[PDB]
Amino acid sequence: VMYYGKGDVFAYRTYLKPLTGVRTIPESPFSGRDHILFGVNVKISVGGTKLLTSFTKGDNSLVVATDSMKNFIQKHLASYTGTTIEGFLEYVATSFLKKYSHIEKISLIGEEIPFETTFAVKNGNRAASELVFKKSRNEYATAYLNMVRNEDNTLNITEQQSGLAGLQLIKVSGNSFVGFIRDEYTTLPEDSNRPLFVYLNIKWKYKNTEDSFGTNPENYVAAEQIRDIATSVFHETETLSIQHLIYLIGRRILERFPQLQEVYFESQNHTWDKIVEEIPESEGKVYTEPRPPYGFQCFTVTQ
């Protein structure tokens, strides 16, 4: 392995071209993105055989400074005329490989830095502000893109995936976990009604990479829509395990978005421990945080 690059390249752009013209699904009211405020955290990695002597000899002649990569990303966010993080990464990657012919490969990660609408009273009524935004530390969209310069000096995308990270959902009832192996290592009781609390990271892969860029936005798959499918399916399903739930979310994703090839789940179990099971004259219960160990599930659903 031989790579180097820059991480935590934060870049905030105001008034990016809005995303509109998206194709709706029943689970989601998502209709586009205003892009008054557009934030991204970019990681860039680059490689190529011509970088060998920067390691073996300390010769920096062909080294693009990682600081310069940061400048490159921030300048290109200013000049970017598209509407998606996915398209931004393609713009950076193509531009970078064109600038630096001795670089053979570039890998990019982009994480949305999300902001939420706020409201203000002016001129007699309360309405969504065009100026004030709330920074959100909850779920955020992601994008991945790698590009290579082939031996004949043409450029090709070699990896492209989009995702949703940091989704934390708890369903207070309508979940069971029963029937698992009960042997000398088992102390978990069967539970026919648990408050299942899952963390979800979901990544999808398009059949056609162009669909991820937003150039024809009807073919784009928005993280907001994926989020709304996850919450709807969770609600609809009498879950039998996290494994069972994520398969059903993946099936719904692929049914709603036939232009997707596959979807990959990383889930974690953070379900609370029960403290009080019965409250006089009430349907309520009391729970608390568990010990640190957490379950996880990794599963790919394919079209």
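Numbering starts at 1 and follows the sequence shown. Heads up, when I say rigid core I mean the largest set of C-alphas that superpose within 1.5 Å between the two forms.
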**OP:** Between 150 to 158 and 206 to 214, report the one with more C-alpha displacement in 7 other deposited structures of this protein relative to this form after a rigid core superposition.
**Re:** 150 to 158
Subject >> in 7 other deposited structures of this protein, rigid core aligned: more displaced of 124 to 132 and 218 to 226 by C-alpha RMS >> reply: 124 to 132
Subject >> At least a third of other PDB entries omit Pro18 >> reply: no
**OP:** Decide, for the other PDB entries of this protein that were compared, whether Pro280 is missing from at least a third of their models.
**Re:** yes
**OP:** Check the entry's C-alpha temperature factors for 15 to 23 and 283 to 291, then say which stretch has the higher mean.
**Re:** 283 to 291
**OP:** Mind pulling up the entry and telling me whether 184 to 192 or 136 to 144 has the higher mean Cα temperature factor?
**Re:** 184 to 192
Original post:
Per the PDB entry, which option out of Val121, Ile113, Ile109, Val221 has the greatest Cα B factor?
Top reply: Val121
**OP:** Going by the CA temperature factor in the entry, name the top one among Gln168, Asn125, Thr231, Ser162.
**Re:** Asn125
Original post:
When the modelled residues of the chain are sorted by Cα temperature factor, does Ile202 land in the lowest, middle or highest third?
Top reply: lowest
Original post:
Within this chain, which third does the Cα B-factor at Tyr100 fall in: lowest, middle or highest?
Top reply: highest
Subject >> Relative C-alpha B-factor of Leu51, binned into the chain's lowest, middle or highest third >> reply: highest
Original post:
Relative to the other modelled residues in the chain, which third contains the C-alpha temperature factor of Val178: lowest, middle or highest?
Top reply: highest
Subject >> Position of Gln225 among the chain's modelled residues by C-alpha B-factor, lowest, middle or highest third >> reply: lowest
